[PDB]
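Novice: Sharing a structure with you now.
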Amino acid sequence: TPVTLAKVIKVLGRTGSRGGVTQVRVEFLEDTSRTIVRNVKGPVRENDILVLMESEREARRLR
Amino acid sequence: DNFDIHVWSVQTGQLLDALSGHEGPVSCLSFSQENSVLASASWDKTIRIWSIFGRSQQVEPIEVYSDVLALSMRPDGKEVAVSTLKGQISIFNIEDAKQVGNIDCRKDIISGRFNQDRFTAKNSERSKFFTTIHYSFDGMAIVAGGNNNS
Amino acid sequence: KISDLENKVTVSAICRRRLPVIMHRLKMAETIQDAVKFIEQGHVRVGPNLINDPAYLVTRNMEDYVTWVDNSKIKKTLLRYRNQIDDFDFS
Amino acid sequence: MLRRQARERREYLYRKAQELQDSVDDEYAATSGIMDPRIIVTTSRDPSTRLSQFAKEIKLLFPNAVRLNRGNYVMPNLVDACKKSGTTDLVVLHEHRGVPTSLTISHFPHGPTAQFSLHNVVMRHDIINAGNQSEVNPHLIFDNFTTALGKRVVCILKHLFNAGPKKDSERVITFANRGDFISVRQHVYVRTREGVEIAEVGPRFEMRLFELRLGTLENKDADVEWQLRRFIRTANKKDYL
Amino acid sequence: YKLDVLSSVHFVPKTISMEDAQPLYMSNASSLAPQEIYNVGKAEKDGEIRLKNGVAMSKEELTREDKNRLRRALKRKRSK
Amino acid sequence: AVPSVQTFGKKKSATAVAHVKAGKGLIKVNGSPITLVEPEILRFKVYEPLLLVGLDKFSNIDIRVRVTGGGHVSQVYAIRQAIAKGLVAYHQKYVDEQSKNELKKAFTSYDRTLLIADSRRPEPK
Amino acid sequence: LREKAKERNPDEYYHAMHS
Amino acid sequence: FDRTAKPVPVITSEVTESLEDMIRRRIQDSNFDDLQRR
Amino acid sequence: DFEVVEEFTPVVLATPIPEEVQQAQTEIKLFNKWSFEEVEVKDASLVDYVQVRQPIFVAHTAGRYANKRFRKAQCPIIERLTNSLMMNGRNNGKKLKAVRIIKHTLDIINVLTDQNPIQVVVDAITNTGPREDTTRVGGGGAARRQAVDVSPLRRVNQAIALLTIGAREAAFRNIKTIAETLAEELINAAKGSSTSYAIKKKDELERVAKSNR
RNA sequence: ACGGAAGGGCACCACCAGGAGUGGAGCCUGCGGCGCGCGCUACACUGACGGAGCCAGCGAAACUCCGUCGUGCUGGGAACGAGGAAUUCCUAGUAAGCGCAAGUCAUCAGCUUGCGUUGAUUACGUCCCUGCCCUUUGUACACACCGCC
């Protein structure tokens, strides 16, 4: 599978998430344009690139 | 003379907290402009990086050699310059706590021979320090002045 | 004390804030006769800045920080007699 | 700043001696109702699990309290680091085989340290699963504190709670004197039309004061304001010896 | 003056009239807080009740449900 | 009458007093040379003060270091602190100040725990 | 003497402390 | 023989009944002696 | 052409310093054997979370690296490796034991497969650390999984924990010990052999994430 | 007086990521009336050994080096192989390992308290779950925003 790298730019606070899963608004690197919200598990700062296997599916809440 | 850092809310003019932490009197403060961290600095030879927002109140001390006056902070919020009493300037990164460099500035200020003296005109540590510092808005130049006329 | 400031604050108290007698009560000198010699030679700071006039009244919030300067003969011989002369910070 | 702490504690000793001559007391009158006090609870050294859950019960008992870990914390720099944190009270717990025995209260900004033996404890962690504590800032009730030492211990013992609770504020904490043995329970209630029904929860014990020193915890040169006299030939004849 | 000159480091020096020390030349009560120049208060007659919202509600124009609602609301307003 | 200078360094409870004076190279810990430091695996932790700057800044001096107290690794941290700040004090007051703050910049660029210690104890959360 | 040690005041100096 | 001090006061159902009716009479009076906002 | 001379006398101190030490004074090698130059992280997204830009002499730089949130991502990767390896019931605070077994470990991965041992451990970390993961979503009591991603700090932390606990499980009580079994497990995870416990656990975690994504 | 709804904060009696115990076996102060459980101890190559080295602090072990076995009720120590259901505690010189002193009118010798030695992993955010608390007149005096629980 083609894995892709993508840089976070904003950690969305105040969303109703599962404890231990923080939503984030990541954006790709092959083009610097199209953004996608994902949900990451570990501690995440701003602008540290993370890896994505799925390329198109948007994230949601975790109840 | 109460060794603390008070904070007030400017929306409702009350005392928010008596944000303590030092061991002696503080002398110079600054908030940041990018993360809005506090960078206090006190005569226990210690500067003190505070993060007071968001459930944490994170403290981080940095320990300088001599006594400390005269803090200023770079306008990009990445480092903080502090004077000392031992005629020096230091700069500290604040997402880290390591130094970057110390400008030695105790050989290039000429205090004046007082008319009330026995000593000489150069060796007497009268104002061989910098009572006030500021950065420049590009980020490189630092201007500094003390109780002497330099 | 509110109304009995009529009787106690006299010469013997308003001169007790002087830097020689505060020096002698801090045991930084043998007596006033050479405490005035030290603080006239300009060895003694209070706070960050050096103070030379021997009529200075050290306040309440500055009595804790009336100490000798770095790079002075008396600080050097004090640390020499105690044999703790950490010569990195000038003395 | 050792000369500053020495000068302020010498001024404190003078203020206490002058107040004892011309008899809320002297140590607490600056902060009787203004500052809400903060309480640091520690155990002795390498505590047992039962002692640690007792310290958790004490932290849950009176609020604005943190349960600070105690392993290889040296006592003098512990208390001066607590001073530079600028909180108000320290509470140390000493155990014996899981049964706690000493509760040392130290109002550490140059204040008094009382010490209490702590006889018959009952821990809700090893009896009752009924839920959380109420954790409201409580009311306090005290039974026959009439001696001067009783007023002193009720002052330094109720000046560690949250100041000025409300009417609805539920839980009450009792300190009853039954012959120099301060029995402690704490309850929640409701108002029935017949009356009131209480609900026992949290710890219960009884503590006997045995030292009350004017200095801080670390010094051991502190001048004793009061300690009990176990070996006089009239020990069991009066109270607050 | 004599006390802080004794107890300070640096020295301390000390018909129709006018004044050289003023807040501003230009503003001169044309810069006032609008809340201080007016705030919406209570009513002026017993036929209506106005709120701090900025609306006005009359007891002869209200239905009974909104009248009970407003009575309960100002009951809580008086209660706290 | 030789130009001597004396510095102190200390981690947790160990203490290291260092006498730097104008010599010919030798570096001693309790008389024994610097090649033989006891725990044998932090010998480079005690070497790197005299390895960041080059041995030519140690050709003219000689260092005798007494060390008491503390455990093994606290002792070797105390020796590296005493060596580093003794070298920068000797270069502060007996050779050029440009060499002094060049050494100080090199040490504080490697890590400033080589010069001063975080000697302020804990946070009451 | 323990109390004076705990208040040592580390900046005392006399003429007799030269040797 | 004779003994030094009174022993530990053992907690009996009678003494917890006296403590409970003490505190319930006290809060029926609502005479709890807390601090005040002053 | 160009020339700069600074020292002129042959500097030899009065105490004889070993020749390997005064060779190491030119460039700091790890354990006086391994250069931190020419070590690059062949993967992206784990640079500035591993840290191989500071040549240290031994993995015992005891500075304060844990009193902030993210400032345990700057002490070097082998110091985090030996500190994560030091912990069990039989050993806490046995850090000189942990340093000597990491010394034997990287020495024998040199004597087997000489790339250079810090290069081997760094791309071992990158191949080990998982990339997608599952969490327990609530659902009122249903044991339904859900697929999330992992930040690079979580990838590096779980990578060093998986390598260490894999060497623990591989020399609990059998023939070898922790040094050579960390060597063999780490070279398997560096090559990508899918025979090591680390890549077994990474493939299992990514397989269950792929399954109930 | 009684509910409800909305907003907001906090917490290892919460979520999260882990770590260490209890519970398995023997000795045990106590609490019950044999059970509970607090410490202490054994069970693991992190091993056993055999030489050699070396550092504390109140008032010398762990450790390091050099040699010998050996994956076996083993040499560990007849029994004994790291302990289920569950449960408890814990965020930095902390958990934990290690010894050394003392015995300070209450408790403690089975132990208690100090003292140092070595010293980490993982969160440091979130109110989604468990709960706890607060507010629902903004008065607080600018600018801005909200604007009937």
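Throughout, chain F uses Swiss-Prot numbering, with the displayed residues spanning 3-127 in order.
Header entry for method reads electron microscopy, 6.0 Å.
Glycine too: its Cβ is placed from the backbone N, Cα and C atoms.
Take a look at what Swiss-Prot says about it:
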CROSSLNK  F:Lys30  ubiquitin cross-link
CROSSLNK  F:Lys47  ubiquitin cross-link
CROSSLNK  F:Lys59  ubiquitin cross-link
MOD_RES   F:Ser34  phosphoserine
MOD_RES   F:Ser61  phosphoserine
MOD_RES   F:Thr70  phosphothreonine
MOD_RES   F:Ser76  phosphoserine
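Mind mapping these onto the model and telling me what they sit next to?
Specialist: Using a 10 Å Cβ-Cβ cutoff, F:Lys30 (ubiquitin cross-link) registers 16 neighbours.
DSSP classifies F:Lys47 (ubiquitin cross-link) as helix under the three-state reduction. Sequence-distant contacts (6 or more apart, same chain, Cβ under 8 Å) of F:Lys47 (ubiquitin cross-link) comprise F:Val78, F:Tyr79, F:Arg82.
When secondary structure is read from DSSP and collapsed to three states, F:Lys59 (ubiquitin cross-link) falls in the helix class. The Cβ of F:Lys59 (ubiquitin cross-link) lies under 8 Å from the Cβ of F:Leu89, F:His93, F:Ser101, F:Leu105, each on the same chain and at least six residues away in sequence.
When Cβ atoms from all protein chains are considered, those within 10 Å of F:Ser34 (phosphoserine) total 11, not counting its own. Annotation note: F:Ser34 (phosphoserine) sits in a strand segment as assigned by DSSP.
Every protein chain considered, the tally of other Cβ atoms within 10 Å of the Cβ of F:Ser61 (phosphoserine) stands at 18.
Around the Cβ of F:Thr70 (phosphothreonine), a 10 Å sphere holds 12 further Cβ atoms from the protein chains shown.
In the three-state DSSP reading, F:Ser76 (phosphoserine) counts as helix. F:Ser76 (phosphoserine): 18 other CB atoms within 10 A of its CB, across all protein chains.
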Novice: Can you figure out which of F:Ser61, F:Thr70, F:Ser76 (the modified residues) comes closest in space to F:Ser34 (phosphoserine), comparing Cα atoms?
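Specialist: Result: the closest of the modified residues to F:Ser34 (phosphoserine) is F:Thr70.
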Novice: What is the nearest of the recorded positions F:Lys30, F:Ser61, F:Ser76 to F:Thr70 (phosphothreonine), using the Cα of each?
Specialist: F:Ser76
Novice: To the nearest whole angstrom, state the Cα distance for the pair F:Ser61 (phosphoserine) and F:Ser76 (phosphoserine).
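Specialist: Just about 27 Å between their Cα atoms.
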Novice: Cα-Cα separation of F:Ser76 (phosphoserine) and F:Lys30 (ubiquitin cross-link), in Å?
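Specialist: So the alpha carbons of F:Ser76 (phosphoserine) and F:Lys30 (ubiquitin cross-link) sit roughly 18 Å from each other.
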Novice: Near chain I, which of the recorded positions F:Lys47, F:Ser61, F:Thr70, F:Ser76 can you find when the cut-off is a Cβ distance under 8 Å?
Specialist: F:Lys47, F:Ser61
